[PDB]
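Below, in structure tokens: the form deposited in one PDB entry, a single chain.
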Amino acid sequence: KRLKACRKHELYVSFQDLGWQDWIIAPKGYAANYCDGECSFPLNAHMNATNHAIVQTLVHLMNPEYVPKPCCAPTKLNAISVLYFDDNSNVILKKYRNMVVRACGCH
């Protein structure tokens, strides 16, 4: 449960690595993060798994070949703002939601 389990992993992404540095004014990057890890019993209470996930995790144990294990996905994300030049050189500030993952869980 603790060690190998489903949880938020740190990931900072820079627009320079994506190849968008020439037109993005601010910021030059951000903490995006991502989810990863095993989704099997025991299911830590902090991730608040749903009734469906508990049933899937159990059914997966009985029929390993006909039902996959649930997947580690975001339970909470934060929006972010970006200031950039469009193709017509206009300066735009846009708010992008669901960009930063704060918490993960088995769904």
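Counting begins at 1, following the sequence as shown. Think of the rigid core as the biggest set of C-alphas that the two forms share within 1.5 Å after superposition.
One more form of this protein exists, namely the form deposited in another entry; it is left out here, but the text below deals with it.
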- Item | Which of 32, 80, 47, 73 is displaced between this form and the one not shown by 2 angstroms or more at its C-alpha, rigid core aligned | 47
- Query: Quick one: once the rigid core is lined up, does residue 11 have its C-alpha move by 2 Å or more between this form and the one not shown?
  - Reply: no
- Message: Superposing on the rigid core, is the Cα displacement of residue 98 between this form and the one not shown 2 Å or more?
- Response: no
- Report the direction of the Cα distance change between residue 44 and residue 55 in that other deposited form, compared with the displayed form, as closer or farther; the change is 3 Å or more. closer
- Note on the structure: With a difference of at least 3 Å, the CA distance of residue 46 and residue 55 in that other deposited form shows the atoms closer
